[PDB]
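Participant: Let me give you the structure first, and then I'll get to my questions.
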Amino acid sequence: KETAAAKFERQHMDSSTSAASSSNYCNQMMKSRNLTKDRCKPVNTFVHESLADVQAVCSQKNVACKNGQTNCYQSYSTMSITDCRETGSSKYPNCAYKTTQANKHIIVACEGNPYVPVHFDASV
């Protein structure tokens with residue numbers, strides 16, 4: 001089964017771009033990363049930074065996750081992200097999203113050895 005670390009990379013990393021280039025970024029990426037295959041994932045964040053910089057957050061500022069776990073971490077630095085959220089017209093299989101650019105700190109939950117991100121908790 002795909003590991004939690006690999007799923008995080010597939011759902012949230014986009015080291016190939018510095019930001020969203022058009023309003024269709026979310027439509028394109030949600031589909032290409034297979035986040036709309038079985039249902040429309042409602043919200044999703046993409047991070048436009050290197051993988052090592054994001055992995056690095058695992059040893060930055062500890063903070064409790066939204067759900068209360070204590071293995072979340074907030075990045076020291078803000079990062080270029082893209083926020084994707086369904087539009088009112090989104091209807092499976094035609095999942096549709098609003099793209100929004102931002103430069104925010106990220107909050108992830110980490111696990112394993114190597115200790116790496118396994119969930120994207122929030123942008124703040």
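Residue names in the structure tokens use chain letters A, B, ... in the order shown, residue numbers from 1 in each chain, and ligand numbers from 1 in the order shown.
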Please identify the strand (DSSP E or B) residues within chain A (assignment by DSSP from backbone atoms) and present them as a ChimeraX atom specification.
Facilitator: /A:13,43-47,61-63,72-74,79-86,91,94,97-104,106-111,116-123
Participant: Just C-alpha atoms for this one: save the residues we selected as a PDB file, in the first residue's frame.
Facilitator:
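Saved file selection-v8.pdb follows:
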ATOM      1  CA  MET A  13       4.025  18.737  -2.954  1.00  0.00           C
ATOM      2  CA  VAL A  43     -10.003  20.993  -0.092  1.00  0.00           C
ATOM      3  CA  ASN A  44      -6.312  20.502  -0.695  1.00  0.00           C
ATOM      4  CA  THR A  45      -3.115  22.529  -0.406  1.00  0.00           C
ATOM      5  CA  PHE A  46      -0.105  22.287  -2.773  1.00  0.00           C
ATOM      6  CA  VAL A  47       3.362  23.458  -1.528  1.00  0.00           C
ATOM      7  CA  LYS A  61       8.263  24.388  15.929  1.00  0.00           C
ATOM      8  CA  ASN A  62       6.183  21.693  17.671  1.00  0.00           C
ATOM      9  CA  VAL A  63       2.407  22.535  17.885  1.00  0.00           C
ATOM     10  CA  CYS A  72       2.526  18.555  14.311  1.00  0.00           C
ATOM     11  CA  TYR A  73       5.085  21.197  13.429  1.00  0.00           C
ATOM     12  CA  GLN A  74       4.863  24.715  12.049  1.00  0.00           C
ATOM     13  CA  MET A  79       6.165  29.049   2.011  1.00  0.00           C
ATOM     14  CA  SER A  80       4.573  29.483  -1.395  1.00  0.00           C
ATOM     15  CA  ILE A  81       1.387  27.454  -1.442  1.00  0.00           C
ATOM     16  CA  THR A  82      -1.757  27.009  -3.521  1.00  0.00           C
ATOM     17  CA  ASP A  83      -5.108  26.463  -1.865  1.00  0.00           C
ATOM     18  CA  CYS A  84      -7.736  24.400  -3.770  1.00  0.00           C
ATOM     19  CA  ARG A  85     -11.392  24.318  -2.757  1.00  0.00           C
ATOM     20  CA  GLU A  86     -14.356  22.989  -4.727  1.00  0.00           C
ATOM     21  CA  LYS A  91     -19.991  17.503  -9.152  1.00  0.00           C
ATOM     22  CA  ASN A  94     -16.473  16.648 -12.832  1.00  0.00           C
ATOM     23  CA  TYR A  97     -11.925  23.950  -7.852  1.00  0.00           C
ATOM     24  CA  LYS A  98     -11.104  27.516  -7.033  1.00  0.00           C
ATOM     25  CA  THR A  99      -7.310  28.199  -7.053  1.00  0.00           C
ATOM     26  CA  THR A 100      -5.952  30.659  -4.522  1.00  0.00           C
ATOM     27  CA  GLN A 101      -2.259  31.609  -4.157  1.00  0.00           C
ATOM     28  CA  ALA A 102      -0.719  32.391  -0.720  1.00  0.00           C
ATOM     29  CA  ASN A 103       2.577  32.662   1.200  1.00  0.00           C
ATOM     30  CA  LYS A 104       1.890  31.143   4.587  1.00  0.00           C
ATOM     31  CA  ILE A 106       2.578  25.319   6.960  1.00  0.00           C
ATOM     32  CA  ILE A 107       1.607  22.906   9.737  1.00  0.00           C
ATOM     33  CA  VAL A 108       2.228  19.191   9.154  1.00  0.00           C
ATOM     34  CA  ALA A 109       2.104  15.982  11.218  1.00  0.00           C
ATOM     35  CA  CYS A 110       5.210  13.796  10.956  1.00  0.00           C
ATOM     36  CA  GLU A 111       5.957  10.154  11.576  1.00  0.00           C
ATOM     37  CA  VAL A 116       8.692  13.042   7.659  1.00  0.00           C
ATOM     38  CA  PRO A 117       5.398  14.717   6.922  1.00  0.00           C
ATOM     39  CA  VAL A 118       2.418  12.396   6.671  1.00  0.00           C
ATOM     40  CA  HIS A 119      -0.435  14.878   6.897  1.00  0.00           C
ATOM     41  CA  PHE A 120      -1.002  18.475   5.906  1.00  0.00           C
ATOM     42  CA  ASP A 121      -2.823  20.059   8.842  1.00  0.00           C
ATOM     43  CA  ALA A 122      -3.162  23.794   7.976  1.00  0.00           C
ATOM     44  CA  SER A 123      -1.629  26.941   6.507  1.00  0.00           C
TER      45      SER A 123
END
Participant: Write out as a PyMOL selection string all residues of range 13-109 of chain A that DSSP puts in alpha helix (DSSP H) for this structure's backbone.
Facilitator: chain A and resi 25-32+51-55
Participant: Would you mind exporting the chosen residues as a short mmCIF file (atom, residue, chain, number, x, y, z; two decimals), in the first residue's frame, restricted to C-alpha atoms?
Facilitator:
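part_18.cif was written with the following content:
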data_model
loop_
_atom_site.label_atom_id
_atom_site.label_comp_id
_atom_site.auth_asym_id
_atom_site.auth_seq_id
_atom_site.Cartn_x
_atom_site.Cartn_y
_atom_site.Cartn_z
CA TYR A 25 -4.06 24.93 -11.62
CA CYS A 26 -6.28 23.23 -9.02
CA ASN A 27 -8.48 21.58 -11.65
CA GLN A 28 -5.37 20.15 -13.36
CA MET A 29 -3.41 19.10 -10.24
CA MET A 30 -6.35 17.63 -8.31
CA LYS A 31 -7.02 15.38 -11.30
CA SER A 32 -3.36 14.51 -12.16
CA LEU A 51 10.80 18.36 -0.73
CA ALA A 52 13.74 18.66 1.71
CA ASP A 53 12.48 22.08 2.88
CA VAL A 54 9.06 20.61 3.62
CA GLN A 55 10.50 17.42 5.17
#
Participant: Go ahead and compute the interatomic distance for CA of residue 18 in chain A and CA of residue 50 in chain A, in Å to one decimal.
Facilitator: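 If I compute the distance from CA of residue 18 in chain A to CA of residue 50 in chain A, I get 9.9 Å.
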Participant: Please report the interatomic distance between CA of residue 20 in chain A and CA of residue 60 in chain A in Å with one decimal.
Facilitator: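 Going from CA of residue 20 in chain A over to CA of residue 60 in chain A, I get 26.0 Å.
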Participant: Rank A:24, A:16, A:90, A:71 by their smallest atom-to-atom distance to residue 112 in chain A, using only C-alpha atoms, and report the top residue only.
Facilitator: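 Distance minimum relative to residue 112 in chain A lands on A:71.
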Participant: With only C-alpha atoms as the atoms that count, which of A:75, A:15, A:113, A:34 lies nearest to residue 56 in chain A?
Facilitator: A:75
Participant: If you measure from CA of residue 58 in chain A to CA of residue 40 in chain A, what distance in Å do you get, rounded to one decimal?
Facilitator: 28.7 Å
